[PDB]
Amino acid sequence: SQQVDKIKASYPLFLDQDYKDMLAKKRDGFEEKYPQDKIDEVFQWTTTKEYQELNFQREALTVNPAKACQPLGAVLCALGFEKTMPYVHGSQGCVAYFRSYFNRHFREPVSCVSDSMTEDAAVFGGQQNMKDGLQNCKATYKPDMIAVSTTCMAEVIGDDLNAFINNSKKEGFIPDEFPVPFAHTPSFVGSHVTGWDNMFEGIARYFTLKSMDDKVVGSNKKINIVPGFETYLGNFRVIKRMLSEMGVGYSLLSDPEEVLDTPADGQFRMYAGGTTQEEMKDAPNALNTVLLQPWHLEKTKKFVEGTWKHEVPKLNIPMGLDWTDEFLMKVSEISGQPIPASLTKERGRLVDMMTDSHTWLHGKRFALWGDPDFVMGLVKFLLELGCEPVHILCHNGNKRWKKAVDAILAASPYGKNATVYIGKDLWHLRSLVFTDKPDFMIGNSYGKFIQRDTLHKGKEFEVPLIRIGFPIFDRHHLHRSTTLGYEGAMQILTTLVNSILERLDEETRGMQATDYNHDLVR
């Protein structure tokens, strides 16, 4: 039943007695459910060290991964270019997922097409799907560029993208001058961040490989910036802001922040802003190119160093105090522009906040996951705050990366309890936070089911989730935040210390039991 003036949605509607009674009869009558004693016994077992050893012995089963497949990153890369339509050669289901995945994180429209290869294309290949697809895409949505990626189906059958695209132009489906860069993005290699790298290299190749005769390094007095797979709008904005602060000429290659934050003013803008074709074609003339996330831009690095002949600097992701310092100093050296007083002040204010909140952060133990560059940067900043990263998981990380993070941990007393895991998933981490419990997790929305599991053992075992990463589906507008630079470090710090103080306030909220420590001032 419903009270018209106090309507109940699913929660707490199904807690009404008649619904409880109905659901009990459904279970007892027809579900043949395991006894609650057995369920309780098995759950307790899944929290044990005995279970953890069996868990980490997995060789074939994956449970709750922390990564996505290549074309997702290729799509995000393509979105950063002016009037460009992402186009995934293969089966249409993939695009339906890519768009929905990004729709729910950014709460914005995400445009992307498929050429809808079906079982017919499985036998004869998808050349006809590409011909008609490019013509239909260009006529209907009128992009200035189509950037092509692939689904696994097209990769398995081995479609020749270069041949298909050439034939579309030779047979008149799309003008020969119309730009159609492409990249093979097999989902069974790497992860979503590999697709971003592959797509970017494919676009950079398209506009520069056959036009390197007239290029002179340093001739346009700019620095190229490659952001990589980036899902915080603030991270695009803070980089552009700091470079404008120093008066550094720059070119951000792949810039979706305009198209992922269009105003709601009565009209839908399919395209907005983005890196121009002119900026790619001119990019070799820059002083140098900086890769903001080098650990998934290695194929881009090889091309930029091998073809543009840029001396790509050895820089970490600019997260935390030390690595933002090194970023600005390297930029200053390449451009010849000095670090202004306004950034030196912003830096000192971050230090001030670190001194203002160092006692509450000291010694706190964290489990964290995400993409490689994000993760190490987060580990670096946690060490700078005097926190203890304990469980560090990077499902799409490699041995080379692990060694580099282990070295960072070895260089700080606060890393003595850390372990770096690669190729492990969020069911592995769940066991870790039961057997070697930290104070918090730092991860994406998928971590909420780990917090649910921990609380079910008992309130004292609960590991609260702090939401930093991708995807974040169950909070609104966190994609607007920042994690790079001093500004991002400032926001992370405020999040960590206030998450800690929120949890303390909950634990000391019981009157005459724990509220002796329910201080007004912290």
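Think of the rigid core as the biggest set of C-alphas that the two forms share within 1.5 Å after superposition. Residue numbers here begin at 1 and follow the sequence given.
In 4 other deposited structures of this protein, superposed by the rigid core, the C-alpha atoms of 117 to 125 lie farther from the shown form than the other of 104 to 112 and 117 to 125. In this entry, 489 to 497 shows the higher mean Cα temperature factor of the pair 471 to 479 and 489 to 497. With 369 to 377 and 392 to 400 compared on mean CA B-factor from the PDB entry, the stretch scoring higher is 392 to 400. The top Cα temperature factor in the record, among 240, 89, 99, 215, falls on 215. The entry assigns its greatest Cα B factor, within the set 172, 126, 294, 133, to 172. Looking at the C-alpha B-factors along this chain, the one for residue 283 belongs to the highest third. In this PDB entry, the Cα temperature factor of residue 313 sits in the top third of its chain's modelled residues, the highest group. Residue 455: CA B factor lies in the middle third for its chain, per the PDB record. Among the modelled residues of its chain, residue 268 has a C-alpha B-factor that falls in the middle third, as given in the PDB entry. When the modelled residues of the chain are ordered by C-alpha B-factor, residue 75 sits in the lowest third.
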